[PDB]
Amino acid sequence: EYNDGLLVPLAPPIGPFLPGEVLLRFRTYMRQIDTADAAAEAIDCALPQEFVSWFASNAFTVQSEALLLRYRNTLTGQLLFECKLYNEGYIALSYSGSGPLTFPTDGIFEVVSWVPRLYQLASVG
Amino acid sequence: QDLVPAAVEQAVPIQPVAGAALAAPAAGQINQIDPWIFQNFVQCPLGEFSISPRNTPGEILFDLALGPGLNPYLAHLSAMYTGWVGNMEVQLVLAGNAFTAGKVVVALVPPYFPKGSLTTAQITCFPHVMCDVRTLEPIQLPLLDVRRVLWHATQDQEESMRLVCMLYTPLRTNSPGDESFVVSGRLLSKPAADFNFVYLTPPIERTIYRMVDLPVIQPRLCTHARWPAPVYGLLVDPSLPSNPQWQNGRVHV
Amino acid sequence: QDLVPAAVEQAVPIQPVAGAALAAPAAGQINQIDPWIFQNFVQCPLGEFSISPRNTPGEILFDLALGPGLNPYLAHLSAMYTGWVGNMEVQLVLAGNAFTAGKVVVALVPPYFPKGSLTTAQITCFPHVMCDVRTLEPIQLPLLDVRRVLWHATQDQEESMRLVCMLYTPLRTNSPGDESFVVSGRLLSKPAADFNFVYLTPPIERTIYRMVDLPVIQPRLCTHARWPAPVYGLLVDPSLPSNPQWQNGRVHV
Amino acid sequence: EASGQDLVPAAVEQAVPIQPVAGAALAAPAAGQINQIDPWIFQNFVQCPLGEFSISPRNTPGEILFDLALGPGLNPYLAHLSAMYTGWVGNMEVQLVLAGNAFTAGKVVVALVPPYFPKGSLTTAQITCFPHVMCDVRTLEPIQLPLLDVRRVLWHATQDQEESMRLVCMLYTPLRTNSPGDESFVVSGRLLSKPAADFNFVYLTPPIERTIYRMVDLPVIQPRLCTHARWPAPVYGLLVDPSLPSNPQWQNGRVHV
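Residue numbers (the deposited numbering), protein chains in the order written: chain A, 407 to 531; chain S, 19 to 271; chain L, 19 to 271; chain V, 15 to 271.
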């Protein structure tokens, strides 16, 4: 709650995704105090803070609608997936299945080019 | 007598527009550019698009725009000058096997056209060149500079002659495994015969027309954006709400 | 009025480099070569490569290099001389049915370029010629001799104008049996108009640029390398450790 | 003109004993591409990346003031064009603006040290044996002087590898002031430079991102918003203090440039 029970101006919900895309999630774990179990609460942001302190201190100008990021592994150089960073501040990824799929966490993000909304990403999984 | 053939090249026709011949008086300088830029195509920034059996006929696929931001040389010389005036040339390349039928039409929409909805029967009245998704070799178009102000200004994002590409006839493959055969396509672009920037200026290195680079850091070492603890892993999941409205960690590009 | 066409040949453009006109003074001799070598392409030593649906877009497929080791005549005359100076011409041939889509780009990377990672958007800024994996006839390129030392020296392995080939648009077939359809490709190369070796020398017959030949002996008669007993049979097996670190029987090429 | 002439106005390029040197006429037939740089760069001088220096009375004789090597890293343009091309040639013209107050003295010497000379000491005895020029730290006008390109290969590569004709000066005889009160006028210098008649780049390559002549970009965010590097807490004010130990060895927030 931000007022007592009243409304409040807030950023719009993260969207919109094309048919068949999901939202990549940078997930971390927190200090939980409870007596249920050891399922550490996991909270997931849309971009790591190293990105917010980067776009807000560099001030690019978006070209068309989305960047096309490839998640090259750091040393072997293999595409783990091909995500599409919408310029409104999220990284969509064309998933298909129903269960969560966890990626390695040692991949260097890299751009390849700008790209419109209608780009049909190569599916993963 | 006479004889009219029944298959001719496409050859979009033009009537040349003046480049640095209108804007030489009212501009301080007129700067040439390395004359070996005019001689080879090169992938634009926006040069990537994809057709696919899920694209109804009418969906605009790639909407270019005349300017120095179509050729990563001009997109890099354009930090030393304050304006550009002249023509350009674009080339697109498709990639389809002999199983995909369907045509696209690329059309040189002029400036000051109301940017709205263009139905298929309305995209071809412009100057255009119709090419289908099997063609092997590249196909090119002259992107002229129909304008009314003498010379545009880089850091202003003026309005200039676009280049639109509509899926004319619906793309559909024969029936091996379809629905998963994105026909990729790339673009490239080179300065035309009469392009040249318009006033020298210190390279400010904080300007428009610079390709975004993301910080080269593994997502393990990064600092999270909703809890003061390092990012522990990135993943996708369709189960959790796929349209959250978090407040923190929300920045545009 | 005017008329600009919408499909033109590729035709990588050049500005000629001098061959044996810079290095005639500072070189002892200047040796012609059999003028019927200039007249037919011929498979290089490195002339073999393969594209395949498991090649992500960006993987460098074949990285040639200007020198007399691209044409098994020059790779054989180059044991009688001590240096070479001039241009060459390369030709590649692909082999795909009408089920495989996807383009490759071959680009004349110059010398003294930091040999690192070239992302797809960075390979096309060079002079290049884009060809896709269906094309039937060969496709050729002029491999010039952008250099700074007067004439290179054979037994030195100088640095000279390479020729790289990146999988621009991912190769993917329609969906009959894929994943097992390697699109093979071959290379060939011939001396250009202005190539000629630079100083005569006894054919040392122990030099670089000689194709390796393995001893013609059946693996039954050979002597084993980890026990004094004849080799009794060669086989493959994925069960035993596929990354052993034996010490004996370990020699480079 | 200024007022007045108790200064010493060296406006003439002093005669340096060194032959002319051919520029991009030895790389035209061995770089398979035509190239020119915008003809409005050859017109006005402009400050180098390394532009500034100071001659303070504490500087003994022999302290090298500015040791700058010929290359594309001597303009803001030629160092920002040289991210596309791969290699350069040719001469250059360097100015030198040192116009100290009319109450100073002391002289500097500029010496066109050739390539392949062991970097390091270069003491005040062997700075005059090179083809040099002596100029007073009171000189009013700018003092033009050339920077030729002595080399043995046609065109250098644009990676820092090559060795080119450095142009090093040296505080020959110290700067001492003359005004009757409690002040010595530190003379600040400047350095403007423009490509010569036939400087030129050779082969056109993609403007790679992590190139070698990125100047520096410090992040445009206030110290009030930044985060401290020794405690998980914001920054609350920057200051200078001589009282605290002025040589600590903190093992946090310690990165090179």
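We put the beta carbon where it would ideally sit given N, CA and C, even for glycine.
From the beta-carbon of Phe131(L), the residues of chain V found nearer than 8 Å are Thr100 and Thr219. Sorting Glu494(A), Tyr492(A) and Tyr477(A) by C-alpha distance to the C-alpha of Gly513(A) places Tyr477(A) at the top. Counting along the chain, the unbroken alpha helix (DSSP H) around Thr138(S) starts and ends at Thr138 to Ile141.
About 18 Å separates the beta carbons of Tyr217(V) and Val103(L), which is beyond the 8 Å limit, so they are not a contact pair. In this structure, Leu453(A) keeps its C-beta atom at 9 Å or more from the C-beta atom of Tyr501(A).
With its beta carbon at least 9 Å from every one in chain L, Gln469(A) lies outside the interface. Residues of chain S with a Cβ closer than 8 Å to the Cβ of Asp212(V) do not exist; the shortest Cβ-Cβ separation is about 16 Å.
A buried status is given to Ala45(V), since no fewer than 16 other beta-carbon atoms sit within 10 Å of its beta-carbon. For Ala498(A), DSSP records a beta bridge to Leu429(A) and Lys490(A). Under the three-state reduction of DSSP output, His242(L) falls in the coil class, being neither helix nor strand. Within the DSSP secondary-structure output, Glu107(L) pairs in a beta bridge with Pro160(L) and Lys208(L). For the 9 Å CB-CB criterion, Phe213(S) and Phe56(S) form a contact. The shortest CA-to-CA distance from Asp231(L) to any of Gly267(L), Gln28(L) and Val271(L) is the one to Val271(L). Just so you know, the alpha carbons of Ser68(L) and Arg204(L) end up roughly 8 Å apart. In summary, the residues of the segment 32-55 of chain V whose CB is separated from some CB of chain L by less than 7 Å are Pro43, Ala44, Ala45, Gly46, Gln47 and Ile48, in the order they occur in the chain.
For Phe117(L), there are no C-beta contacts with chain V under 9 Å, since the nearest C-beta of that chain is about 33 Å from it. Counting along the chain, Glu516(A) sits inside no alpha helix (DSSP H); it lies in the beta strand (DSSP E) bounded by residues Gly513 to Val521. The beta carbon of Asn73(S) sits closer than 7 Å to the beta carbons of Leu185 and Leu189 from its chain, once the five residues preceding and following it are set aside; these are given in chain order. Taking every protein chain shown into account, the CB of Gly134(V) has fewer than 16 other CB atoms within 10 angstroms, so this residue is exposed. With respect to the C-alpha of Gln526(A), the residue from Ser470(A), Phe461(A), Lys490(A) and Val517(A) having the closest C-alpha is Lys490(A).
When secondary structure is reduced to three states using DSSP, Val458(A) falls in the helix class. Non-local beta-carbon contacts of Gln50(V) in its own chain, meaning distances under 6 Å to residues more than five positions away in sequence, are absent. For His146(L), the enclosing beta strand (DSSP E) stretches over residues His146 to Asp150.
Contact annotation, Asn266(V) with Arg244(V): C-beta distance approximately 5 Å; criterion of less than 8 Å satisfied. One thing to note: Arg238(V) has its Cβ no nearer than 9 Å to the Cβ of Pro246(V).
Within chain A, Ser463, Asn464 and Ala465 have C-beta atoms less than 9 Å from the C-beta of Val234(V), given in sequence order. At a cut-off of 9 Å between beta carbons, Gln28(L) contacts chain S. When DSSP states are grouped into helix, strand and coil, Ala39(V) belongs to the coil group. Sequence-ordered contacts of the segment 245-268 of chain S with chain V read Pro246 [C-beta pairs closer than 9 Å]. Following the DSSP letters along the chain, one finds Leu64(S) in no beta strand (DSSP E), marked with neither H nor E. Put simply, the CB of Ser202(L) is far from chain S, with every gap to its CB atoms at 9 Å or more. Annotation for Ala93(S): the continuous alpha helix (DSSP H) segment containing it runs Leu92 to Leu95.
DSSP, read as helix, strand or coil, puts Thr191(L) in strand. Taking a Cβ-Cβ cut-off of 8 Å, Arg476(A) has no neighbours in chain S, whose nearest Cβ is about 11 Å from it. Where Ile222(S) is concerned, there is no enclosing beta strand (DSSP E), because DSSP gives it neither an H nor an E. Judged by their CB atoms, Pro129(S) and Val30(S) are not nearer to each other than the 9 Å cut-off.
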